[PDB]
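Understanding the architecture of this molecule
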Amino acid sequence: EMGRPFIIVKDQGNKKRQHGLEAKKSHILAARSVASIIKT
Amino acid sequence: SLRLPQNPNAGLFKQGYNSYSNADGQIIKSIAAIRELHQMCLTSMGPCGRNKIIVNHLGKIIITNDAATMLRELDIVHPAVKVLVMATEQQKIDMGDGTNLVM
Amino acid sequence: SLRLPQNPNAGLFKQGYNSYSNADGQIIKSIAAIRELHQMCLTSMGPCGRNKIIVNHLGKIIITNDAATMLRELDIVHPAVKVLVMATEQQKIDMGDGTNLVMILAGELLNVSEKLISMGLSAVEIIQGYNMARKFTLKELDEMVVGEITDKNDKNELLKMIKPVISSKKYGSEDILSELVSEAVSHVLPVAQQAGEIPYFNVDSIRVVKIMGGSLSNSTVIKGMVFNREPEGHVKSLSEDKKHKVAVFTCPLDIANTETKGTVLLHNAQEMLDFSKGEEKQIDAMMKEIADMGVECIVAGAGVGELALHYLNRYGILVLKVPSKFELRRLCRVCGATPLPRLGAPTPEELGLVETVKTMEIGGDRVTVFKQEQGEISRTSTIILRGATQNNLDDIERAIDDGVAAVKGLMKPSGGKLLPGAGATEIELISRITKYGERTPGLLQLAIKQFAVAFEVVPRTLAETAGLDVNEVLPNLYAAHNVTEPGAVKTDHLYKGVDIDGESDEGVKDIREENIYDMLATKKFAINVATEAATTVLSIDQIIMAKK
Amino acid sequence: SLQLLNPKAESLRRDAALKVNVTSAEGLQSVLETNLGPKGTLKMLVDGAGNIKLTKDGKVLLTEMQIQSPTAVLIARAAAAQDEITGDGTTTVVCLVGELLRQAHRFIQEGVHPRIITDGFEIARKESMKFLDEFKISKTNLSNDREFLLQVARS
Amino acid sequence: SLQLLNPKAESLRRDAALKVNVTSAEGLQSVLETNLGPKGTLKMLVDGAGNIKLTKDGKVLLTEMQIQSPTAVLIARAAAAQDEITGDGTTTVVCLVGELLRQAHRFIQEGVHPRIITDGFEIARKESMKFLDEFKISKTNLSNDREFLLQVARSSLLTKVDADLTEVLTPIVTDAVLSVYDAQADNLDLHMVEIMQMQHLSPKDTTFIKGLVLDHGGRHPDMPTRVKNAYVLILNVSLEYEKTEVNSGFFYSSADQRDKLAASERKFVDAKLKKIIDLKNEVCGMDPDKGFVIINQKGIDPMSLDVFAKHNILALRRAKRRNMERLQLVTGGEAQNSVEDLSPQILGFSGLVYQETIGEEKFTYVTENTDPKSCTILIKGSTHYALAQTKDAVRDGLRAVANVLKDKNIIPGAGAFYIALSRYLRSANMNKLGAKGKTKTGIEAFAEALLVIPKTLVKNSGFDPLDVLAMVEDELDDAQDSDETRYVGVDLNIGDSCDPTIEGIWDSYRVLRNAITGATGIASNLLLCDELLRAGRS
Amino acid sequence: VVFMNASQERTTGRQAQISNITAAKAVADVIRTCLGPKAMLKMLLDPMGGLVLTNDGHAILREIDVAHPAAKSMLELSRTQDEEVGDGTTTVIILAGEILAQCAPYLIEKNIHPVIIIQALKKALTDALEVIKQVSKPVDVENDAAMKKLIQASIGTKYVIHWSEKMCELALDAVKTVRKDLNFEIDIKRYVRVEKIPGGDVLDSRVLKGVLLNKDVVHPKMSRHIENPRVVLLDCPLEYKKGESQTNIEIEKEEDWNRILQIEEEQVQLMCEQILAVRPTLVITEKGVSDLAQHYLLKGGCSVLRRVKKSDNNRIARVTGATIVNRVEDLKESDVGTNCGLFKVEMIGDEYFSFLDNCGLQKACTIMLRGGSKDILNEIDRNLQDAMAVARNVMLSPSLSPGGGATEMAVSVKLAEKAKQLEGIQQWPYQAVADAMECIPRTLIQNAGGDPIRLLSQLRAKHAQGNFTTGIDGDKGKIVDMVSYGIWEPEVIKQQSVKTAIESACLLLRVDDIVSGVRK
Amino acid sequence: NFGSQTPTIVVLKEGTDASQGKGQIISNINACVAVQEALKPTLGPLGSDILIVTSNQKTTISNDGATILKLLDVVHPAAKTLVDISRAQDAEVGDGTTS
């Protein structure tokens, strides 16, 4: 950090970033929650 | 012209100290201040005098027409009254009679 | 003992008012306050200078190394710094050249003044030392001038003037940026040699159009003005040639309306039936006289109604919108036309000539081509500037304006009066003022000798920004000036200067082959403004501020 | 006795008020003390709006900078009106008023009444007017001397 | 450049701090100038607790009132040191310091550097010390005349209370010395007189006593209050043991030893009492009108009070530390610690011993001595401040009459010494200069500043000080050519001059000598201080 | 995360060098008016309320709290000059502050590395010590008239110059009394006692050899005047001693409790008999004295003083020659103080004072200073310590150097001749010391009201004529030599001032970063 | 002289950042590399896409270097240079904005 604030994009702490296997697991479980609703 | 110079002596002594001097007040002014307590003793003088109820911060009530007893339980900020209060205290301690006449 | 008297009788003024005087080291703090913004412009000096980023309160970012432009967006607090800020802005307006020199020279005069004040020199004696040394400085500049521009326009001669000026601002490639500016200058010159007429030039004639995309090598020079516009009715390449006749109307095209309570009055149905067809015959009668004169293009200055645009598409007449004023004013200078407010038939003598009008895609939008050709020459040409980033497009626009302002310096004085560049101008003045300081008896020689020491910043800045040691390179340059002048004439040692990188060890032989020179008219006002800027700070014994 | 008339009020009288006129005029004269003379100091005024006023005129210093002390307000209005009609004398009146208060203040502490002190000011000033007639030098405009107008303008 | 070192640091340089030293000293002087002289104002000190103190002396005023201004702190510490050695001159030094600064500040605005101003102060002060030797008059104290001591002691009391109480206290402070003297040894101590604070009669009804008076009364009723012949036995040992040094306890096997172990502690008490009883009857037995009195510094066992009650012996406990030395001087006895060594030679003698009951406390009175070497002064008052106002008047009157015996030279008062220095310091000729025009600037500032003392006296009386001093200079001019030495004073009654020797006004030698030297150093350092800085860690 | 919790942001490069130079210059700028005989005074306000008014350099620095970390190193430089010598603390900061002021336009302008400058500062320091050694001349150290003019060097600046004629006689006999033959005189300030007595006159003073105690007598009968006093120092208190073992006595018989109090009285009488064996006239102890031991010593005429300061007992043993012995059983006639005389207690209303007069070469003296006020009396105390410190270096080495602007300019002239002969990268930093030595003589003119431009211009021309004795007058500002007026100062003062300034300049020029928040 | 405070004049208005030292130009490099970190996996036909939701809750899925930089609001001065070259490349040719 070197001691100075580093902000690339406005609302830095507001926005979140997902990547890797955790980003794929959240997308599959999001469809499984919708599927189990429609499957009934 | 909005703010006063505050005087140079404001920095001298402290802000809590108050001054009453000749031509600065007192001079029959403070004499008119003790008239409130003077009238208190005028109504208590004689066989027809009126007693006065005093409630101390502790809660004890002392009802008497004696000026030496009344001025003892009263907390008075005015300093020159204490000159008259301490004058009545000597009358009670030594002779014990005439405290109302002294005040 | 617990609390101070806190400056009694200070209630004479508001608590926000503060008093700062030359005593108690505040005049030293004022000089030290200059060094905060002085080092900012030191790294920006020369062709190797570094540009700076300044973000304003609105979010606009201007990346430039120009000292006059950077100080505009910055918020200045110290009062004497505003003296230095406003001094650099005047140099950019007047001569359009030498802006970084005024910023650096005025700052170094205060740095050498710190030692002068410490020795006990009064503020009056310090001012008299700079005034007497500046008068001798201006006289030596006219003695050291070499060469002249002579003829107004030349292909080679314009490379010795605009090119060294634009070398410091966005160096990049040399011949690419020099050819673009030098081409637009030859078009706005009236020429007309041997006629004895008084030459004339306009700095606002050349306009720079910023278009993102492409590359710098794809840029070109357009004799006409370029705007972003969309034709209303139709687009026409105008391949039928035989040039064109064009008219310009500063007033909009529409039925004349009463300025007070314009209202349709119909008493009976007989007047209502002819009201719809009546307005159609008014524009038809007015536009027919224009079409009969052979006018294929009409320039409008305001919004044009749809009823007027209908008959313009019938005869195949182009429509142009020119908002505000200055945009329309420079259009008539291209074609040589005189605007008239009425909608009637224009005068044939007031009609302009434009051979072709083209619409093509450059940066993704439709632009109209006013470009002229060899014959029927036009004035106020524009330069298309292509770049990847918009930040580079802003300073190059100001870099071209620096070359345009250099052309103005070829008009008012008797000539160009080229001076040795690469810092050789300020170095030669050091040895001349040093001899001048000894010729003046008295105590005023202290400020005169230190006045020439302030000129050492130019060779040190060019050497420091070039990645070279100022201790090795600078003393080696005085070896050419320490041998004075020999028993024979024709001494070329005056062309020695500071070199950037390369092999160092002085170098570049004589700068006469390098062709980089300086303008004499620029150095005259650059020294005067920088001296008065430092003199004003030294002439103020007490500074008073409000609210802070 | 003012505390009985108003709940909250501020007043200073006699020796408290005597230090008001003497000290406030002393701080104002000290600002223009370094101003008087061709070698005098140069002052710059910068307000909160960003404007810059650089001049040696004492009238600009009084108009741009506010004064909380009411004593200098009487002096500021007197020094400003002097430059209005005569175009000169702004810093002169301030040095006269501020010093005359201090020169007469030493005898006030000695017990001398202020009225008989101010009564001597009129007697001494009327003599300056009678001496002014013999002090002034007559100049005839029929000569049309240009050198005379040059030396006066350089003052 | 100070804020660069610390953000919270503040300073005032050159004239910024110079205006502080002139104003703060003038403001402090303006309050205390009204207290100078017999007509001066009376200040009432009231703290947050409600205590009332009436005094015209600047020592008590500056002590009770804390000074916020750092400049006036130097004046307060200088006036405090003036009251320590000389017991007088608090108001005088304060009026001189503020005047030396104002007179010198007028030359500073004229372009005079403070360095040469301090030179004129030291040169003119040394010349005043030489004139002080010629102006003072030596007196003969071998006669011990009352009239000379009454006028000198009255001059100090006129600056405290009115003339009614002054005439009462004048013989008291004159009698404050009396039998205390030494021809060869020169040692004179005023700490042998005792200051008693009690409310009895009236403040004007107080009287002087020729013998020691104590505040402790008879502990037992049978103890005779009046004793015609008493032998004072000084006992510094405590008859009642407070604690035992080595920790110990009593372990008894049977209940019969409980009264025996209690009687074990009765042997040590009776061992000290055995030799005391034998000392009384040793002189003569069965002798009426001759009593025996013991004065103990420590506590006395209430159980032992009945032992002396049968023998009619008066006992006193909890005596002050300074009381032991006074018993040898008054009663003529000798201080004794234990009872192991006794004799009639070490016992004191008193012609009258009696006790009076005032309020709920009883006071012991001892008087009628042959050659008493010490005495006391009873200060009575009608209120709380009457004890503090009279005490401050006596203590300031003690040091005045002491310098008469310490220094036989007496300097006339009533501002006669300050006026004489005015004409002497005007022109020093070629005697002492040191520089051309540099030294004469500081001398003129110091000469005109010494006239504030006589002018301040007139301002408190309500007259014109310029008209009073005008007739003073006219008398001194004709006295030089008439071959007659005259001392011109200042009379505050009719607003005219007078003679301090005839009017009975004089001043002490150490008071005036330390005032000129003390006020010179304070005013000089303030003129040499161009910056007032405050820094530290909170 | 935040990584470093202490100053994660950093200020490095030229920004850290400017903050170190600017803050160091502000330390010397406030004391510029504190140099010279016309120098002004500075008042300081501590959080406790005590006011300190002095022109001394060290007393001003140590009482001011500086928030700038590198500027605090300037505060401790005067402590090095004060503890080692005690004179010249003002000239150290003025010189060290001018070096960094002159060395500033190098790293920013010439871009010269600090170590390159440090190598030039060390070479200039060696040449500066040689110039000071050449201009120094030896003088007689046993001449009393010559040492009086040397003490006046530091007095001319101080306010005590009016009493300088009297003050030199006070400081001369004080140093000569405590010094002894052995590292030569090995004199120490701890042996010299300076007592501050409020009131009195400064013109009237005397050097008293002994210890002045403010304690009164323990008994009225005690004789306050003794013709032939005998002092015996005892560290053990005369009160009954109690064992630290916390002994608990179990009392059974009725005669056991009465015997304990008797034995306590017998031992106190026994300890007095051990003292009376040598029959001392005086008794001095550092602890309390019981009332029982007072009567037993009345028969022998032993005056007892209690609660004496611990360091005062060592000073009594030097003047009286007595040997400190804790136990009364080892007391001998050899341990009794001898040669002491003139024991008298003067009566003063404030406190009781006891006098001692002397007739193993180490001695002590107590200087009684009588001022006009307690705060001025604190100034004379500080002025007396600096006056005696000048005579120390004179007795240590015979070398004596000129002062008042002659020594500072004598070095700058020699540095100008060698600078042009170097012809190298070190030539620029070598010239910084030559211009740094000019601040001290230039400050003397600015405080005197003269023109430093014309005086310093002709001053350098005088030193080129071959005479090093040309100074600058503090009053008239004349160029007359210092031999006529007689300003001379020990070489140690000139050496310690130059050595400290060079070592301090190399420290702050090596700081490229300033970080905080550590909280160790 | 008008007060015992005597404030120290600051050259720049309060709130202005600092510069020079060591690592100031390095701060601009790490800002562009971090933006590059998102566009690297989007390169190539087998590359991935980036899901970006603005403050208006507008879902947009783009691997294009020009569109990604238009969604986010870049307040970093040096990081905005990558936005200009992405919009300039998309305006003329239209392809290669990620490269």
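Residues numbered from 1 in each chain as written, not as in the entry; some residues may be left out. Chains lettered and ligands numbered in written order. Part of a larger assembly, values for the part shown. Heavy atoms only, no water. Residues with missing side-chain atoms left out of burial classes, pairs and counts.

As stated in the entry header, the method of structure determination is cryo-EM and the reported resolution is 4.8 Å.

Per the PDB entry, chain C carries the name T-complex protein 1 subunit theta and comes from Saccharomyces cerevisiae. In UniProt, chain C has this text filed under Function: "Molecular chaperone; assists the folding of proteins upon ATP hydrolysis. Known to play a role, in vitro, in the folding of actin and tubulin. In yeast may play a role in mitotic spindle formation (By similarity)." (UniProt positions renumbered as here; feature names shortened; annotations may be inferred.)

You'll find chain B entered in the PDB entry as T-complex protein 1 subunit theta, with Saccharomyces cerevisiae given as the organism.

All right, on to the overall build of chain C then. The helix and strand inventory of chain C stands at 17 helices and 15 strands. The globule rule puts the C-alpha radius of gyration for 548 residues at 24 Å, and the 30 Å found for chain C is more than 25% above it. For the C-alpha atoms alone, the extent of chain C along its principal axes is close to 100 × 75 × 45 Å. The long-range share in chain C, meaning contacts at least 24 apart out of those at least 6 apart in sequence, stands at 73%. (Helix = DSSP H or I, 4+ residues; strand = E, 2+ residues; numbered from the N terminus. Rg over C-alpha atoms; globule rule 2.2 N^0.38 Å. Contact = heavy atoms within 4.5 Å.)

Below, the discussion takes up the domain arrangement of chain C. All names here are of chain C. Parsing chain C into structural domains produces domain 1 (1-148 + 417-548), domain 2 (149-223 + 376-416) and domain 3 (224-375). Each of domain 2 and domain 3 was reduced to a C-alpha centroid, and the two centroids are 32 Å apart. Facing 16 residues of domain 2, the contacting portion of domain 3 comprises 15 residues. Summed over the shared surface of domain 2 and domain 3, the result is two salt bridges. When the shortest N-O distance is used, the salt bridge between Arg-330 and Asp-204 registers 3.9 Å. Along the contact surface separating domain 2 from domain 3 lie six residue pairs in polar contact. Residue assignment for the side of domain 2 that touches domain 3 shows that the elements contributing at least two residues are strand 4 (207-212) and strand 12 (382-387). When residues of the side of domain 2 that touches domain 3 are assigned to their parent elements, the largest contribution, four residues, is made by strand 4. Looking at side-chain class alone, the side of domain 2 that touches domain 3 contains six nonpolar, four polar and six charged residues. (Domains from an automatic or database assignment. Salt bridge = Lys/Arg side-chain N within 4 Å of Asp/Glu carboxyl O. Polar contact = N/O pair within 3.5 Å; in protein donor to acceptor, adjacent residues only side chain to side chain. Nonpolar A, V, L, I, M, F, W, Y, C, P; charged D, E, K, R; others polar.)

With that out of the way, let us pick up the sheet that holds strand 12 (residues 352-357) of chain F. Residues and elements named next belong to chain F. The strand order across the open sheet formed by three strands is 6-11-12, and the pairing between neighbours is antiparallel. A single partner strand is all that each edge strand has here, and the edge strands are strand 6 (225-226) and strand 12. Two strands pair when backbone bridges link them, and strand 11 (residues 341-347) and strand 12 are joined in this way by five bridges, in the antiparallel orientation. Paired with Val-345 across the strands is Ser-354, a residue of strand 12. (Pairing = 2+ DSSP bridges.)

Our next topic: the interface of chain F and chain E. Every contact between the two is made by 70 residues of chain F and, on the other side, 75 residues of chain E. In total, about 6800 Å² of surface goes out of reach between chain F and chain E, with carbon and sulfur atoms giving 55% of it. Close ionic contact of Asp-530 of chain E with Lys-42 of chain F constitutes a salt bridge, the shortest N to O distance being 3.0 Å. Seen at the junction of chain F and chain E, the total is 32 residue pairs in polar contact. For the side of chain F that touches chain E, the secondary-structure elements that each account for two or more residues are helix 1 (14-30), strand 1 (41-45), strand 2 (51-54), strand 8 (249-251), helix 9 (254-276), helix 10 (292-296) and helix 12 (374-396) of chain F. With seven residues, the single largest contributor to the side of chain F that touches chain E is helix 9 of chain F. Classifying every residue of the side of chain F that touches chain E gives 31 nonpolar, 17 polar and 22 charged. (Buried area = accessible area lost by both parts, 1.4 Å probe.)

With the rule as written, the count across this model stands at 90 salt bridges over all chains. Among the ionic pairs, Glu-122 of chain D bridges to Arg-125 of chain D, the shortest N-O distance being 2.5 Å. One end of the pair is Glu-122 of chain D and the other is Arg-125 of chain D, both in helix 6 (residues 114-135) and three residues apart, which spans about a single turn. Residue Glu-122 of chain D is classed as partly exposed on the basis of its relative accessible area of 37%. Exposure remark for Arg-125 of chain D: the relative accessible area of 41% places this residue in the partly exposed category. Its salt-bridge partner being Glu-185 of chain F, residue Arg-179 of chain F comes within 3.3 Å of it at the nearest N-O pair. (Buried < 20%, exposed > 50% of the residue type's maximum accessible area, 1.4 Å probe, protein only.)

Turning our attention to a nonpolar patch on the surface. Residue and element names in this part refer to chain B. On the surface, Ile-53, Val-55, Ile-61 and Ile-63 cluster together into a nonpolar patch covering about 420 Å² of accessible area. Broken down by secondary-structure element, the contributors of at least two residues to the nonpolar patch are strand 1 (52-55) and strand 2 (61-64). Relative to the elements of secondary structure, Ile-53 occurs in strand 1. Accessibility expressed as a relative area gives 61% for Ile-53, which makes it exposed. (Patch = residues over 30% accessible without salt bridge, like charges linked within 9 Å, V, L, I, M, F, W, Y side chains within 5 Å. Areas by Shrake-Rupley, 256 points an atom, 1.4 Å probe, with all protein chains shown as cover.)

Our focus in this paragraph is the arrangement of the chains. For the 13 pairs of chains in contact, the maximum contact count is reached by chains E and F. As for chain C relative to chain A, no contact occurs, and the smallest C-alpha gap between them is 12 Å.

Turning our eyes to something else, we now look at the packing of helix 5 (residues 123-143) of chain C against helix 12 (residues 424-438) of chain C. Residue and element names in this part refer to chain C. At a minimum axis distance of 10 Å, the contact between helix 5 and helix 12 shows a crossing angle of 125°. Overall, the two elements helix 5 and helix 12 adopt an arrangement that is oblique. For helix 5 against helix 12, the interelement crossing comes out right-handed. On helix 12, the residues that touch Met-132, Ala-133, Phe-136, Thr-137, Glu-140 and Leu-141 of helix 5 are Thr-425, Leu-429, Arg-432, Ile-433 and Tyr-436. Looking at side-chain class alone, the contact of helix 5 with helix 12 contains seven nonpolar, two polar and two charged residues. (Axes fitted to C-alpha atoms, helices over the stretch in contact; angles between N-to-C directions. Parallel < 35°, antiparallel > 145°, perpendicular 65-115°, else oblique. Left-handed = near helix turned anticlockwise from the far one by under 90°.)

The next point concerns a positive patch on the surface. Taken together, the side chains of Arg-321 and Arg-322 of chain E together with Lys-215, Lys-287, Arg-306, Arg-307 and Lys-310 of chain F define a basic patch exposed on the protein surface. With respect to the helices and strands, the residue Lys-215 of chain F is situated in the loop between strand 5 (206-208) and strand 6. Judged by relative accessible area, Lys-215 of chain F falls into the partly exposed class, the value being 35%. (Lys, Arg positive; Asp, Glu negative; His and termini not counted. Charge placed at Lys NZ, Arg CZ, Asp CG, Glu CD.)

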